[PDB]
Amino acid sequence: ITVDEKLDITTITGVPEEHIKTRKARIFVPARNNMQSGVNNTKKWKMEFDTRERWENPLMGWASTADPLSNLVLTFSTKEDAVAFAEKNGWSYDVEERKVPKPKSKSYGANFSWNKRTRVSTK
Amino acid sequence: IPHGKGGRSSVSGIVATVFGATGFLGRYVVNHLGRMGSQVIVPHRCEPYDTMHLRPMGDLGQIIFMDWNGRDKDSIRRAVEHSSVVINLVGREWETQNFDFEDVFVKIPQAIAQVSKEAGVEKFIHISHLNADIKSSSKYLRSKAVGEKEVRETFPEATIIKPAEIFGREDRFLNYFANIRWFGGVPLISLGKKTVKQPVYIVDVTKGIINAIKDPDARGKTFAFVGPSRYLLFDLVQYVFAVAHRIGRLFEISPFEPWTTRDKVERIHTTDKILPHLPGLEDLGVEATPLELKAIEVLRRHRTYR
Amino acid sequence: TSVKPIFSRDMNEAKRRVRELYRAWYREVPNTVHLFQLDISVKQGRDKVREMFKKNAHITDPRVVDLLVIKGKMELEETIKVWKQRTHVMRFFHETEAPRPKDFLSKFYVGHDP
Amino acid sequence: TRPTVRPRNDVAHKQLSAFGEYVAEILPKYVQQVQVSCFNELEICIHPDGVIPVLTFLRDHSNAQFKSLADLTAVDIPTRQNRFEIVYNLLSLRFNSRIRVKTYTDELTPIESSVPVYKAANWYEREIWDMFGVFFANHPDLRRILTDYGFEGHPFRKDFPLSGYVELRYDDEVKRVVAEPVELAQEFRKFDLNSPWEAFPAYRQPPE
Amino acid sequence: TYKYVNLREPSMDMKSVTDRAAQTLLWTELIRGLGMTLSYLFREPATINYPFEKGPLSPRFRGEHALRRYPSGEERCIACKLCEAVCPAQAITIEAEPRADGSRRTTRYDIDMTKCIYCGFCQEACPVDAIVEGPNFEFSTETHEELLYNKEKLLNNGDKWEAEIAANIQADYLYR
Amino acid sequence: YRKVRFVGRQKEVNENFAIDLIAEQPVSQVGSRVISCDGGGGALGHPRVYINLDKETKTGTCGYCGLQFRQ
Amino acid sequence: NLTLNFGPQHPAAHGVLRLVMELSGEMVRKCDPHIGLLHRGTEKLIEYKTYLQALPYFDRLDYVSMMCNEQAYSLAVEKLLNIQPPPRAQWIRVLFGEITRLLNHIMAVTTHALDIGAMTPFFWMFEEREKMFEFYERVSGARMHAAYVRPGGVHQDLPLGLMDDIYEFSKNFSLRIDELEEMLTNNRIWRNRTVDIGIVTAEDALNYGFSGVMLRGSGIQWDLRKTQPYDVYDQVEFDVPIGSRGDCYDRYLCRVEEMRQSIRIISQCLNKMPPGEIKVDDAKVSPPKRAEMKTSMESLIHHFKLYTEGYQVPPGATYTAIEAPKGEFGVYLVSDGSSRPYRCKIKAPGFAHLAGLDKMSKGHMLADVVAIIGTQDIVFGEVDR
Amino acid sequence: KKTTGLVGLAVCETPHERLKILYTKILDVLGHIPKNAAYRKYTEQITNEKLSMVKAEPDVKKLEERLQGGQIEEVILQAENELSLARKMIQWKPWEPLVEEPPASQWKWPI
Ligand SMILES: NC(=O)c1ccc[n+]([C@@H]2O[C@H](COP(=O)([O-])OP(=O)(O)OC[C@H]3O[C@@H](n4cnc5c(N)ncnc54)[C@H](OP(=O)(O)O)[C@@H]3O)[C@@H](O)[C@H]2O)c1
Ligand code: SF4
Ligand code: SF4
Ligand SMILES: [Zn+2]
């Protein structure tokens, strides 16, 4: 069998060059591009790294660049394995929080009052 | 103004202009200038094919080629009207069958001490030699020091660079040795008196320019190039045959690119370890290269293994 | 750890293996320097060998070092034969690369904090 | 329902519901999940303790020949707490039937390779080492195929970005073709394409 | 089904060996067969004298890019960006702006003729049918710095000819 | 600054401009309410769009159509 | 032992495939080739594209097949999307799907007969091959690489013509295949150049996972062409060749009879085509017509959105393979549920067909080894799977 | 016949009893396994199904029907490996229950 149970926090290295200690990741929730109202693009945690300089390429004006990562987003399942991926390869990060709104109390019929203020007109 | 890493495809602010740049010295200098990235403007004389091996150093849009004679004025003016700095390294050995060869070190550095200077350039740098003195030797060695003073009237602050003898890959002085497969290998001239001069290494030459190109404050304060440790011996000629174990010419051959049994043979055997009060290389640091490590590379003869 | 190892068990089949192939590199550095027809001094090669082993000495867990053993041994397969045509061996030395500044006042004049 | 809709059949959906059922019945040691695809495919989820004998059981029989090893692949899945996913695909010659073997693993935990069981896995098994680092056990010759000699990346996983770090260039500084940090002329503009409003009713998630 | 080719046992009798003995010894093979099938030289050489003669094509042949416009010049492009989002090599780059008359037009317009992989989807994505793969293979400049086409090549290149372009669309638009 | 890259290269530039070439059109008129604009011909050109012409006698070139349309 | 690397040599054939030879004096007994001259980053690259946009990178995977590739892709996608293609469209995928086999099986003999060193059967057949690229240009878009098969069936209808052309073409082709019969079959030297070479016939000839020819022509009768359907492909009549023993000369003689089958199928397919439509009608996958995307309102919103993003594919793994004219063609297309696919691992031939060069080579000469390779018909860039 | 169709084998030599040993060769080794797994319940089922139709009737060609293998010399190989299969069923133990259940959410596809 050769099970040999032991314990160590798995920090793997050698596969990148230097950008372990240089950068800091970010875990957050994408929340409702507000030109419309589709809520399908919630429920999945994503990541994005540091943004570095974008200069002008002096022949066209293209957005040529250094900063070799700059485009890496993965699709996470939840907050639980969100941390566990950033530590398993081991570079710094910072975590946001999921925002869910009010439930909330909305009821038609109270928009026509005898003495209240909740009263609509000009419909 | 600069932007980002200067690995490749950067801007780095500077816009230079290097004349000549087809020989051993002028090519290898520009091969650093297209690495950090800039608008390198190199005009060549009469050679479309002889710059083909030059292009894969500047990435894209960084180099540009123009045509010029030198005795004409505006061809040396139309190109240089938009730049920041400009260096020059133009010149060669023996007198042409058509040229004049005296004023080429006099009026041709003056032809770019023209409106070129007036146009608004700065940090204009010319080349010198360590042995170019006003003394009566030689026909080529002197008449180089004439340009060191008579053209120094113009450009009152330049930091004209003064190199010693250089050794690299495809020069003339070190390849003058071991191209002497002959019925007798004689030194110059069967005497170990003055040998040798200061063979500075070619990486130190191109490193001195790029530190000085935005140093700052290096105008007028002319500089000298230190060689190796320390003077050198007669052993060098024996050092050749020991370890060696004893470009637009023509379509068939050039009739005269000779060994020149004339004042060529004395322009190197006139050493002149000159004044050490010039700053001139270690202060424009950092340049420190021996001889014994770079000698395997340039020498190439029939054994090649042992 | 409910996972079986590769070769070693705990640190003592491990640390004798990193010492082991070090001699195989150590007789290799003078052997290849005349073979691949490149011209540096041979002691620089022996400095760069121990450069690579000493840097990763911050490991306190087995089967990662053992994973580097498989990486370290596979390097010798191309090395003893001729499978790196005069470039990959020169790729170890960051030679013509411009120097990184690594100094705070030096970084501040050039760059948007890279 | 109409034309221009794929006509499914039930005969192959019946026997593949029938055949794979008594497979878990006769080895309840390694099999942990069996599922039938809605278009006549079969998955047999296997913990990799039985990586050799279940193949060795499908290596030979009288009711299951299955001696045509077609496809060894490798699929990474982050956010699973065991990342990778080795997936086989084998073919019965006499019966015209496809079945796949899904075996998960992790990075450092090795896998007993199929070298005596099949000899078509000679170049396939090495590929997962070169691309992921999944060290298979007891292979006679582990080497480097389909990558360049100086990489340290195992690129087909997700943390390796689109370009590497190793944009190559030439200089006449001496002779060499030297490496350099990577520099592009253009960003590879990354779009944003996922429209909202959930076009699929059947695969609806547990709403938590 | 089956077929068993190259599966035939020999004759092995008195007379039929003389057909296999005259074959090897006097070479009735290899000359009647292979010396006659080569000659066969008297046929006409089907060669195109390329600087003078040219070969056939099709009306749907792809090639050089160009831009069209309406009757008297209007810039048929409307800069609706759809050709950009389907270019597989992302050879398109467009920056638009409201021109002072009010209708939107383009400012930069690029086709990376190096990167351009000629999927031609730009021709099948424009609603107002702006960009057209013009059928002329005239090319081969001398620098990498030249083939990046800006806008003022393409309107000029779309106006070196139009009757070449305008007849091919008008003979093919019924199919697609 | 950029003016050095074309020395002896003659700067191949466009001649005509469509910045203002709408303005030389004989701006159309109908005297109705709503008009089709399948201009340039049917099944080509800009798609069908309907414009109200009541207010400073014009339409506004339809955006798509480009030709000045009015009453 | 001498360790020559006769490969990178641009000695005709295909200057690539650099390998080693630890030859035992004259015999080889050890061959360990190297691959990876074109890795190109293919399977990583598709992970950022959409379904319609990624499609020509299947086309450039061979050198030869233009309609047999993308046949293994749309049929690998239409199963996920619950679509049968319309019936006029299926008669064209069999027509061009049985015309690319008349491009491999011409190139698979001549290029093999050039490494060998014969000059004249290289020029005697490519001059007839020119009569066939005029088809490709007339129907789709270009010389070879045509993004023509879509997931929504055929792109567009082939124009007026191409039915008195193909019948004109195919009625004068069997004389050209009767040429090479006189050139190679009855000849002795080429027979003496290849008999009993590469005798691989055991059950390790199938345990190595080979696909067709370097199968059934060596023995075991099996193919994907009448045990597994594609489209209207079983409603035509043909037979499949089998050679006698397990050498190269009894996998060569598959390809002469194989070209004598594609002429029958084309002359059988033309009689059976009905008039009809091109695309799938429900237009959540096919784009609508050009005369429609300029009139109505419903046409543009199901046009303008269908190019910004792609389709909507349901999740769940899938797999299929078809008959490439040199083998199987595995595609294990992992779907995720958006316009952009997940992992797309491909199996091409040559993984099996060239790893088994170790078994096939030894005990033989060095001049045998170049004659081995042009029999499996191995094309690089296709070993990038 | 002199060629067996499938190239690589040889008609070697006698049908009807080379098989009849090798079925009975398995059935004696079949009794050695402890009977709790249903491996015996189906393998002894099909061998008794086979050997009843095997033993012992003319001709070779009739034995091809009602015995769905290739040619009769290849039907040896259908059970040749099966003898090598069942003897390794004693070595490892599939009749033991499940081991290493996965951690409770792994075989869910949509991430
Ligand atoms: N530092 C040293 O040790 C050393 C040693 C010897 C000489 N030098 C001098 O320092 C510089 C080093 O040159 P190098 O070693 O690279 O060899 P080089 O071949 O002389 O390079 C200098 C360039 O000047 C060009 N040239 C010569 N006459 C010209 C003229 N009338 N007009 C325009 N160009 C002319 C030459 O050929 P093109 O006309 O084709 O451009 C050449 O490209 C030269 O000035 C040389 O005289 C220095
Ligand atoms: S072709 Fe279409 S998408 Fe491209 S610039 Fe013209 S209008 Fe815009
Ligand atoms: S021509 Fe080809 S590469 Fe260029 S934009 Fe159109 S589809 Fe893209
Ligand atoms: Zn209009």
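Method of structure determination, per the deposited record: cryo-EM was used for this entry, reaching 4.2 Å resolution.

Residue and element names in this part refer to chain B. What surrounds ligand 1 is a group of 20 residues, the closest being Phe24, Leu25, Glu47, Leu89 and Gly91. For ligand 1, an oxygen atom lies 3.2 Å from a polar atom in the side chain of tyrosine 140. One of the backbone nitrogen or oxygen atoms of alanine 164 is found 3.4 Å away from an oxygen atom of ligand 1. Protein contact buries 76% of the 860 Å² of open area that ligand 1 shows by itself. Residues of the shell around ligand 1, tallied by class, amount to 11 nonpolar, five polar and four charged.

Moving on, we get to the pairing of strand β4 (residues 131-134) of chain E. Residue and element names in this part refer to chain E. Side-chain alternation along β4 places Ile131 and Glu133 on one buried face and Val132 and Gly134 on a second face that is also buried. Relative to β4, strand β1 (residues 64-67) runs antiparallel, the two being bridged by four bridges. Among the inter-strand pairings, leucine 67 is bridged to a residue of β4, identified as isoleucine 131.

What follows deals with the interface of chain D and chain G. Opposite the 54 residues of chain D that make contact, chain G presents 52 residues. Summed over both sides, the interface of chain D with chain G buries roughly 4900 Å², with 56% coming from carbon and sulfur. When the buried area of chain D at its contact with chain G is split by residue, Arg6(D), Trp123(D) and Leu146(D) rank highest and sum to 15% of it. The interface formed by chain D and chain G includes two salt bridges. Between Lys119(D) and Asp204(G) there is a salt bridge; the shortest N-O distance is 2.6 Å. Our count for the chain D to chain G interface comes out at 11 residue pairs in polar contact. Of all the elements in the fold, those that place two or more residues in the side of chain D that touches chain G are β3 (68-76), β4 (84-92), β5 (97-104) and α4 (124-131) of chain D.

In this section: the packing of aromatic side chains. This structure, assessed with the given rule, holds 41 aromatic pairs over all chains. A connected cluster of aromatic rings, assembled from ring pairs, spans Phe19(D), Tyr22(D), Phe66(D) and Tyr42(H). Of note, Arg46(C) hangs over the ring of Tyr26(C), and the distance from its end group to the ring centre comes to 5.4 Å. Between the NZ or CZ atom of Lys226(G) and the centre of the ring of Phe238(G), over which it lies, the distance is 4.3 Å.

Now for the nonpolar core. Within the largest apolar cluster, 54 residues are counted, with the highest numbers of intra-cluster contacts made by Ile86(D), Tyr88(D), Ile128(D), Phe132(D) and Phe380(G). Residue assignment for this core shows that the elements contributing at least two residues are β2 (42-46), α3 (51-59), β3, β4, β5 and α4 of chain D, α14 (351-355) of chain G together with α4 (72-86) of chain H. A total of five residues in this core trace back to one element, the largest contributor, which is α3(D). Once you skip the residues sitting within four places of it in the chain, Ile86(D) turns out to touch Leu72(D), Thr73(D), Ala74(D), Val101(D), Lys102(D), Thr103(D), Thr105(D), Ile111(D), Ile128(D) and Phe136(D). Counting residues in each nonpolar core, the second largest holds 43 residues, with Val64(G), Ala89(G), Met125(G) and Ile278(G) among its members.

With that out of the way, let us pick up the interface of chain C and chain A. Taken together, the contact between chain C and chain A spans 12 residues of the former and 11 residues of the latter. Here the side of chain C that touches chain A is built from residues that sort into four nonpolar, three polar and five charged.

Reading the values: rules and limits
Residues numbered from 1 in each chain as written, not as in the entry; some residues may be left out. Chains lettered and ligands numbered in written order. Part of a larger assembly, values for the part shown. Heavy atoms only, no water. Residues with missing side-chain atoms left out of burial classes, pairs and counts. Near = heavy atom within 4 Å. Polar contact = N/O pair within 3.5 Å; in protein donor to acceptor, adjacent residues only side chain to side chain. Areas by Shrake-Rupley, 256 points an atom, 1.4 Å probe, with all protein chains shown as cover. Nonpolar A, V, L, I, M, F, W, Y, C, P; charged D, E, K, R; others polar. Buried < 20%, exposed > 50% of the residue type's maximum accessible area, 1.4 Å probe, protein only. Helix = DSSP H or I, 4+ residues; strand = E, 2+ residues; numbered from the N terminus. Pairing = 2+ DSSP bridges. Contact = heavy atoms within 4.5 Å. Buried area = accessible area lost by both parts, 1.4 Å probe. Salt bridge = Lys/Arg side-chain N within 4 Å of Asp/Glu carboxyl O. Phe/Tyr/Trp six-rings, centres within 6.5 Å; stacked < 30°, edge-to-face > 60°. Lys NZ or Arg CZ within 6 Å of the ring centre and 35° of its normal. Core = buried A, V, L, I, M, F, W, Y, C linked by side-chain atoms within 4.5 Å.

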